[PDB]
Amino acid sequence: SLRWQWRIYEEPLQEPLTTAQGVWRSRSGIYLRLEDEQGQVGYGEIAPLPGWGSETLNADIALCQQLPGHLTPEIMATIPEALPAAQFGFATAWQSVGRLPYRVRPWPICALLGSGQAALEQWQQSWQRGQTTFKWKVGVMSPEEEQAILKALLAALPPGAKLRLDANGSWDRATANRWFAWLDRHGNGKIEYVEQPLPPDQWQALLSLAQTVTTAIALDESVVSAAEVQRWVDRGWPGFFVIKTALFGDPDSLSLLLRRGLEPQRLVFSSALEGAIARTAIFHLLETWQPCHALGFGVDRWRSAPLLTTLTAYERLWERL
């Protein structure tokens, strides 16, 4: 066994984040610190994202208060499947004990483009800093206005650019269908996928669209936990899955899915606006999974979380609390 402690954090965003569901001003979570008898230390982070699945930080806190003062693999196996961010935090903390700091690498990162005409002026600085895959928010203006911008954006992007269109579940079914018909006529080798064209409740239409239209579709809001990923694999989802590792469960569950029916080439790993402990843990896991698409970690505007390169850096973060 080994000893451990946990601390809540509540960190203001670097700037506010507006979504269709309201303005975000801070992120909260839990940091875990594990120490063995000798003095080796490991760290993990539990940060469920409000609105994304059923797990709440309050439920993770209750879990932390219910666990024994000494952890073992069998104790950690008692963590409910309904708390996948807690599963991620404890599993990554355990695996880090006496293994920090981790070897990590730059992976390509997807650059964001803001809704509307902004996209046409925001790709250049990112391109000039070596980002070649972009994600642009759609479903904000009328379809016809966005299609006109899209036509100009595709003409302007340099050779080799890739573009993701993120609807965030904001289209109704007839609108999605009209968009996919437009993309069949006017789309381009630069379009990688449409992300979450319909809200998660419209799963039958999402599946039918993916099975019939010519442009790839990615699930995002639909796939938070390992259980949701498995449900979509078993439905025969032919598109992409955007995996938020910090929210998903024990990382070993993704590897198990991959050994089974999930295709590595259909994964895109993205950020849940987590902190440096979780992000560094995810980059360590990427040394095994070896991603083949630009990561959805271009989120520094809202939450900057530089990877941790020294054990003292973890200790500073912890003591700062």
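All residue numbers refer to positions in the sequence shown, first residue = 1.
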Inset, instruction - May I ask you to compare 102-110 and 157-165 by their mean CA B factor in the entry and name the higher one? - result: 102-110
Legend entry - Mean C-alpha temperature factor, higher of 35-43 and 275-283: 35-43
Legend entry - Ranked against its chain, the third holding the CA B-factor of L247: lowest
Inset, instruction - Would you please rank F269 by its C-alpha temperature factor against the other modelled residues of its chain and give the third it falls in: lowest, middle or highest? - result: lowest
Inset, instruction - Going by the recorded CA B-factors, say which third of the chain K190 sits in, lowest, middle or highest. - result: highest
Inset, instruction - State the tercile, meaning the lowest, middle or highest third, of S28 with respect to the CA B-factors recorded for its chain. - result: lowest
Legend entry - Third of the chain's Cα B-factor distribution that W182 belongs to, per the entry: highest
